[PDB]
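Chemist: here is my input, please return the structure:
(chains A and B)
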Amino acid sequence: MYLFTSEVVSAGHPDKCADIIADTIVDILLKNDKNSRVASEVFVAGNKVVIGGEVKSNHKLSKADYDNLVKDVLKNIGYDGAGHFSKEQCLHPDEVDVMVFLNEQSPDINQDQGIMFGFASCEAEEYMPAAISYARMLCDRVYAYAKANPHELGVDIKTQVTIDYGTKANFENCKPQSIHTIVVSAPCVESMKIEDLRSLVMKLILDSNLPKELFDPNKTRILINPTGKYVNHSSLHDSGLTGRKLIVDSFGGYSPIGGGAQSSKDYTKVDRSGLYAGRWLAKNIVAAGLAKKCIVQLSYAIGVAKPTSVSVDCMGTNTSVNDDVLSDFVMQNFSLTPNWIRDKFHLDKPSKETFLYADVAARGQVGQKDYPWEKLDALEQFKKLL
Amino acid sequence: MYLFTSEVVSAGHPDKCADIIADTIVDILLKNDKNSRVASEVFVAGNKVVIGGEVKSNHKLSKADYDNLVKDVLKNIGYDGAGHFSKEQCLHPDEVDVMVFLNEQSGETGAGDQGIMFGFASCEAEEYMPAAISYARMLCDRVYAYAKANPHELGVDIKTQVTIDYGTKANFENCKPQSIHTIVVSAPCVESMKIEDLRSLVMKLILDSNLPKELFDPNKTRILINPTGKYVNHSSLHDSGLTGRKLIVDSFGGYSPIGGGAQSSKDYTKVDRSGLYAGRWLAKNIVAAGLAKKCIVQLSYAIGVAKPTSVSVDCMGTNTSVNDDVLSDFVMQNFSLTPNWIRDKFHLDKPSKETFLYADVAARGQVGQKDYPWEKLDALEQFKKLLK
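Modeler: Numbering: from 1, shown residues only, chains lettered A, B, ... in the order given. Structure data below:
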């Protein structure tokens, strides 16, 4: 036995509410001024939504703009005030007060040493590692049910998956053996007994399309609302703050991590651009067949736009070329300057027909087929290495 | 030819002010009621401090008490309104408005939440820490100390970055740094101080720090002091801060994965805090015993379950003897790892000046200090039995 675990939380989780609100602001500003510099932090303290930070933009937001945006975000997440949950059980949009400390300033005239990582692996869907992939599948399925059935389930949902790899050697070779344990936490209406809640999410677990080679219900340990009573949920009972789900939003502990949060920020911060470029490179490398998994590490220096270096680590799973040759290829064939990355993924141009930052905030920064930094448009260039 | 960089910020950084305020609340509640349950998050911006989250304690805290706590914390961090910086340039205690938007909450004792946590250790630097963050930390501590004693010159919102050259990937994997490639220090100074003088001052502090001579040569290492030039404005007055937004700086500086869960704001029943301390303690004892050059320990929990749902160790290929399967089994079989076991192992419910204080840990980093109970090598002999 050799175990590894990852977690995911839904868009209804308080920290995600804060992330989705913050990146709704980013989207609005960028839609109207592409060169907006945004650092918009959100603290959902119960029924108090506190928006702070700083924005340099030509687009300005009124108090009503903030009120509308918060209510529309909460509604789309699932906090629509239908009243299946009492307003003391669950956040009700009417009870919210929005408090704005956000500082607006004019754009600067003509508007770091560090590292960022990306990662990819062949273990599971969209080249993501196993534990977080399967935790995401379960969460997505329970959240989707809760939205369709607010009379039964609430939208503040967490999941956790433990994978048994058997031996460390299988972990190194990307060879998961079984899903060992599944944890699901989902709130339900006051009138639903715990036995009936467990029966429901058990059905949802089986309908989450988990691979049968890994998942046997009879041999898997399943823990559903283990404390036995979970009705009260949302930011009312657990504070939410922006940038507090770094690992559920990325690689679930399978990769080292540097820098800081994506949400709250525009594309000019390497916390965004470096993660997206790093992930894009890693995904295309594994998708090309050069490795079973790899970690891509961008390094930046003061006074250079181009990264001082980019290093590829295939963690011993190389098929064709060693890590030195691969790193050299990457540095020589991709500029990877902030502006090149911006233009490569169109990061200054979020739109409903491409990607939205509020959408990525809700679904994960990495690991969804439709994002631009998840496109396999470098595959032909990498295939030249074999 | 193989670069790596970590960064540290001082207690004067807005995110750290938030962390330290939050953990000052944890300290006073636990001091007077050891079963207090605390999730007191903090947001700081401009002249505002907002406290939210949940608290359950027999020690009652008034609005005046919260106000006074906030001002006292800010004063001890170094924002004391002495007048070297104006109330427009950095935070003055007498100008802050405090809002308190707190609610109520909602081994045999089950874990307080699900989640994952990682401990890490490495034989590279003091106290089994990796090099770049160790040296970054050393420099930041030194500059912050100087600033607190000379507030007529420097502000206390400080940042340091250290870039290590390893030479090659192989050396990085075997914990062999070759040189410090770059040192970056950023500090505010008072309006009257010329940039040249700020730089002269900081240069001395770097040169007289205890950096190893093996790695540091002041004629080969590039030293950058205030890359964007002079600035006077600093503190949360000018950039917002939030609890739990320095998780990498407070731990392993890029050399390890993290769980994602924060430490500051929380009592010891939150496994996001306690599981980091237990992971780190295991990883440190494993490396100090000579079983690996570096080690990552993963723990996970499920809400309402006491025993961890998973325990795994990863020595990143650096094992000297036993493999990672045997190590993971040994840990599982010899250390209970329930919340109560962790609480009792490190006496987390009994903070004190002579042991540890949460607010002090917030300001000094969550790991890497000799005096923390989870930095003690008291499992050393147990792990040395695996050497054969």
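Chemist: stretch A:343-355: which residues count as buried?
Modeler: Neighbour-count burial for stretch A:343-355, with 16 or more other C-beta atoms under 10 Å in any protein chain shown as criterion, is recorded at A:344, A:345, A:347, A:348, A:350, A:355. Any C-beta I mention is one placed from the backbone N, CA and C, and that applies to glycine too.
Chemist: what is the end-to-end distance of that stretch?
Modeler: Across stretch A:343-355, the terminal residues are separated by 14 Å (C-alpha to C-alpha, to the nearest Å).
Chemist: can you check stretch A:259-271 too?
Modeler: For stretch A:259-271, the first-to-last residue distance is 6 Å (C-alpha to C-alpha).
Chemist: what does it contact?
Modeler: For stretch A:259-271, the external contacting residues (C-beta atoms under 8 Å, 6 or more residues apart in numbering or on different chains) are A:18-19, A:22-23, A:26, A:29-30, A:36-42, A:53, A:112, A:114-116, A:242-244, A:246, A:249, A:272-275, A:298, A:300, A:338, A:342, A:347-348, A:357, A:360-361, A:365, B:245, B:248.
Chemist: now, the residues you listed that are in strands?
Modeler: Among the contacts of stretch A:259-271, the members found in strands (DSSP state E) are A:37, A:38, A:39, A:40, A:41, A:42, A:53, A:114, A:115, A:116, A:298, A:300.
Chemist: of those, which ones also sit close to chain B?
Modeler: The overlap between these and the neighbourhood of chain B (criterion: C-beta under 8 Å from any C-beta of the partner chain) consists of A:39, A:41, A:53, A:114, A:115.
Chemist: most widely separated two among those residues?
Modeler: Checking those against each other with C-beta to C-beta, the farthest-apart pair comes out as A:53 and A:115, at 24.4 Å.
Chemist: these two: who's more crowded?
Modeler: residue A:115 (28 against 23; other C-beta atoms under 10 Å in any protein chain shown).
Chemist: so the more buried one sits against residue A:299, correct?
Modeler: Yes - taking contact to mean C-beta atoms under 8 Å, the distance of 5.3 Å between residue A:115 and residue A:299 places them in contact.
Chemist: chain B contacts on the stretch 1-150 of chain A?
Modeler: Counting by C-beta under 8 Å from any C-beta, the stretch 1-150 of chain A comes close to chain B at A:1-7, A:39, A:41, A:43, A:45-46, A:48, A:50, A:52-54, A:101, A:103, A:112-115, A:117.
Chemist: coming back round to it: buried among the contacts of stretch A:259-271? Make that a PyMOL selection.
Modeler: Restricted to buried positions by 16+ other C-beta under 10 Å, the PyMOL selection for those reads:
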select buried, (chain A and resi 18+19+22+23+26+29+30+36+37+38+39+40+41+42+53+114+115+116+242+243+244+246+249+272+273+274+275+298+300+338+342+347+348+357+360+361+365) or (chain B and resi 245+248)
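Chemist: for the closest residue to chain B within the stretch 101-250 of chain A, which non-adjacent residue is spatially closest?
Modeler: Ranking the residues of the stretch 101-250 of chain A by distance to chain B (C-beta to the nearest C-beta) places residue A:247 first, at 3.2 Å. Among residues not flanking residue A:247 along the chain, residue B:260 sits closest, at 3.2 Å (C-beta to C-beta, 6 or more residues apart in numbering or on different chains).
Chemist: how about the one you found, phi and psi?
Modeler: Geometry field for residue B:260 lists phi and psi as phi 100, psi -20, criterion degrees, to the nearest 10.
Chemist: quick one, domains of chain A?
Modeler: Per curated CATH domains, the structural domains of chain A span A:1-8+A:130-232, A:9-108+A:233-269, A:112-129+A:270-386.
Chemist: thinking residue A:31 is in contact with residue A:350, fair?
Modeler: Yes - counting by C-beta under 8 Å, residue A:31 touches residue A:350, with 6.8 Å between them.
Chemist: which residues do the two both contact?
Modeler: Counting by C-beta under 8 Å, 6+ apart, residue A:31 and residue A:350 have no common neighbour.
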